[PDB]
Structures are given as structure tokens and as C-alpha cells.
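Residue numbers (PDB author numbering): 1 to 316. Note that beta-carbon positions come from the ideal geometry of N, C-alpha and C, so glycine has one too. Down below is the structure, laid out as C-alpha cells.
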Ligand SMILES: O=C(O)C[C@H](NC(=O)OCc1ccccc1)C(=O)O
Ligand SMILES: [Ca+2]
Ligand SMILES: [Ca+2]
Ligand SMILES: [Ca+2]
Ligand SMILES: [Ca+2]
Ligand SMILES: [Zn+2]
């Protein structure tokens, strides 16, 4: 809508207070005019019709329990936007400042979040497996990164291409979490997963096997579940990314870590320049190697660590 840009205040899913960019026109709306063509957050009102209604509030204060997932969806979409802009010189997911839209309160007891081709969507969870999923910064960035991938490499959502797609979303979700510096880690979804269990998460990048996911190519899932294991075989690539950044010795192969900024630059370049819709793990290795070469030179430590990391997870 047309209106006046202002700043509201509210509480997120985890009870933290934060300011949010809003728009005033009779009501205060969750519409952030300060980033690209705008960031818009909607209420799906426990239904499955999308997007639902643009979030409207009477007093620009968002402290109701019902407000919390909208606050976080709105705020963390903003943070993710800032990450891609400030760190990668990318303007929104399409690179031309496309409007970012999110709906919360999707369905009832819905233990999921997704990117539907046009917008982000967050369930409230059932209160046992998940609390509202927009409460996790890595979750929000993971979803927005699907949009980025769709508009760039266009990796199809099956088999190894699909698993790369997932890993890219896990990689950048994590890098956004570190960028915001709010209890950052190499785990996925820990902030909103299983409120009755501390210390766990949906996935681990540092040790995927912790939650049943493969950390080596030899252990890859070859069946037909999960579109050929896109959420499973992503562990192989996640582990590789972790190793590139942090270093370590994995199945006897040692890797010198080059840090997360360089990890981000190498993978962002691979994603936006060399990956294709049907790229497999081997092609990803080649793309990451070419990216690191482009950025740091053929004989660099960066290139050598990329190679070591893929070697470590058995990807040639
Ligand atoms: O497969 C899909 O498209 C939906 C799936 N969604 C999903 O797993 O929701 C929970 C969650 C999301 C990100 C990080 C941790 C937990 C996905 O985005 O991969
Ligand atoms: Ca209010
Ligand atoms: Ca964390
Ligand atoms: Ca995390
Ligand atoms: Ca938990
Ligand atoms: Zn995903």
C-alpha cells in the first residue's frame, strides 16, 4: 500500500524485543519500504489460502502472542536481505530488488516452512516438534535462499541437484545466522525445533551423522524417498562447506579452514556463475574449485582447501 514509513516495536517467537520497519495508512502494516521493492508480511489466519491479508495493527506495537511469528518473519527477511546486499552485492532474491513476501500462521499445527515459487510460508508448528518456524533466523534465510537458487542456478529439486539446492539453503541460512551474530552455530533449526529438548536440531552441518544424514559420498542415499534424498544427501555437501570454513580431519583427510566469509564468496560465486539446473556433486566440486580459482588464484590455499574438503567427503 501507499503510506508513511515508520518503525514499530514488538516481540519475536523467542520473546526478544526488536524494532521493525512498518507502513502507516490508517493501520500500521508489516510493510518495510526501506529494502528494495519492499518486504511484506501477511496473516494466513490458520488457513492455507495464500498470501492471506497484509498484516495490519492498530498501534504499531506487536507484543501479542499472535504477533510473534509475524514479527520474526518480517525482521529476519530484512536481515537476510541485508546479508545478500551488504555481503554479496545482491539486491533481493532476483537481483533486481523483487518484493519479499511472507505469510505466517499457515494452516493448523503445521510443522513446516517453505518457498512456494512466489513467497515464503511459515507454519506455527504443533508446539512439540516445532514452535512457529519464522522464529529461526536460519529457517527464514534457508527459505529465502531457495528463492535465490531458483533465480540463479535453478537446481532442480531432486537427486544430487536437489541435495545441492538444500545444502545451499543450509549454508547461507547459517551464514546469515552468523551475520546477525545471534547465538550462531553450524546446526540447522535449533531455535525452533523441539521446545521440550535442549541442544538438538533438525540437521547438523558440522556432523550430519549426528541426526542420521550422510557425511560421505559412499553413504549417500540412493532410494526414492524425499525426492531422492534432497534433505538427506545435503549432509554430504553441508559437511564439505563446514570443512572449507572451519577445517578439520574427516575420514583421515585433513582440511585447512579458510573461514566463513571466503566460504560464502566461493559458494555464492559457484551458485551464481557455474551451477546449472542439473548439476551433480562432482560438478559442484568443479564449480567451487573454479570459483575459488577466480577469486584467489589456482595455487591458493583457498583452492587447496576446497579440494581437500570435497576429497574428505568422497566427492571427486
Ligand atoms: O522441502 C521443502 O521445500 C520444504 C522444507 N521445509 C522445511 O524443512 O521446514 C522446516 C525447516 C526449514 C529450514 C530449516 C529448518 C527447518 C525446505 O525448506 O527444505
Ligand atoms: Ca498492536
Ligand atoms: Ca543458533
Ligand atoms: Ca543454526
Ligand atoms: Ca529443541
Ligand atoms: Zn530447503
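Below 7 angstroms CB to CB, which residues in the same chain sit around residue i once its five sequence neighbours on both sides are set aside?
| i | result |
| --- | --- |
| residue 194 | 129 and 200 |
| residue 319 | The chain is shown from 1 up to 316; residue 319 falls before or after that span and cannot be answered. |
| residue 126 | 109 and 111 |
| residue 53 | 42 and 43 |
| residue 157 | 165, 227 and 230 |
State the Cα-Cα distance for the pair residue i and residue j, rounded to the nearest angstrom.
| i | j | result |
| --- | --- | --- |
| residue 138 | residue 43 | 21 angstroms |
| residue 267 | residue 192 | 26 angstroms |
| residue 105 | residue 214 | 33 angstroms |
| residue 221 | residue 236 | 10 angstroms |
| residue 67 | residue 289 | 45 angstroms |
| residue 114 | residue 168 | 15 angstroms |
| residue 81 | residue 93 | 8 angstroms |
| residue 73 | residue 299 | 43 angstroms |
| residue 316 | residue 202 | 28 angstroms |
| residue 317 | residue 155 | Residue 317 cannot be examined here, being either before or after the span of the chain that is shown, 1 to 316. |
| residue 172 | residue 242 | 12 angstroms |
| residue 263 | residue 135 | 25 angstroms |
| residue 279 | residue 294 | 19 angstroms |
| residue 276 | residue 146 | 14 angstroms |
| residue 312 | residue 206 | 13 angstroms |
| residue 310 | residue 189 | 25 angstroms |
| residue 219 | residue 282 | 15 angstroms |
| residue 37 | residue 150 | 19 angstroms |
Identify which residue in the options has its Cα closest to the Cα of residue i.
| i | options | result |
| --- | --- | --- |
| residue 259 | 57, 41, 67 and 292 | 292 |
| residue 121 | 267, 85 and 46 | 46 |
| residue 224 | 136, 237, 162 and 182 | 162 |
| residue 58 | 31, 26 and 86 | 26 |
| residue 152 | 113, 217 and 274 | 274 |
| residue 160 | 123, 143 and 227 | 227 |
| residue 254 | 297, 245 and 18 | 245 |
| residue 257 | 280, 304, 294 and 211 | 304 |
| residue 30 | 188, 76 and 14 | 76 |
| residue 144 | 263, 312, 125 and 174 | 174 |
| residue 61 | 296, 22 and 185 | 22 |
| residue 133 | 278, 69 and 102 | 69 |
| residue 251 | 283, 217, 11 and 230 | 217 |
| residue 170 | 180, 187 and 261 | 187 |
| residue 196 | 64, 212 and 131 | 131 |
| residue 247 | 95, 285 and 306 | 306 |
| residue 71 | 19, 285 and 238 | 19 |
So, for residue i: in the same chain, excluding its five sequence neighbours on each side, which residues have a beta-carbon less than 6 angstroms away from its beta-carbon?
| i | result |
| --- | --- |
| residue 4 | 24 |
| residue 84 | 90 |
| residue 272 | 152 |
| residue 210 | 204 |
| residue 269 | 291 |
| residue 177 | 137, 138 and 184 |
| residue 240 | 309, 310 and 313 |
| residue 88 | 268 |
If I measure Cβ to Cβ from residue i and keep anything under 8 angstroms in the same chain, skipping five residues before and after, which residues do I get?
| i | result |
| --- | --- |
| residue 116 | 50 |
Original post:
Residue ranges of each beta strand (DSSP E) run of no fewer than 3 residues wholly in the stretch 63 to 120, ordered along the chain?
Top reply: 100 to 106 and 113 to 115
**OP:** May I have all residues whose beta carbon comes closer than 6 angstroms to any heavy atom of ligand 3, sorted in chain order?
**Re:** 177, 183, 184, 185, 190 and 191
Original post:
Which residues have a Cβ closer than 5 angstroms to any heavy atom of ligand 5, listed in chain order?
Top reply: 193, 194, 197 and 200
**OP:** Under 6 angstroms from any heavy atom of ligand 2, by CB: list those residues in chain order, please.
**Re:** 57, 58, 59, 61 and 62
Original post:
Taking a cut-off of 6 angstroms, which residues have a beta-carbon closer than that to any heavy atom of ligand 8, in chain order?
Top reply: Ligand 8 is not part of the structure shown, which contains ligand 1, ligand 2, ligand 3, ligand 4, ligand 5 and ligand 6 as its ligands.
**OP:** Quick one: which unbroken beta strand (DSSP E) runs of 3-plus residues sit fully inside the stretch 225 to 296? Chain order, please.
**Re:** 248 to 250 and 253 to 255
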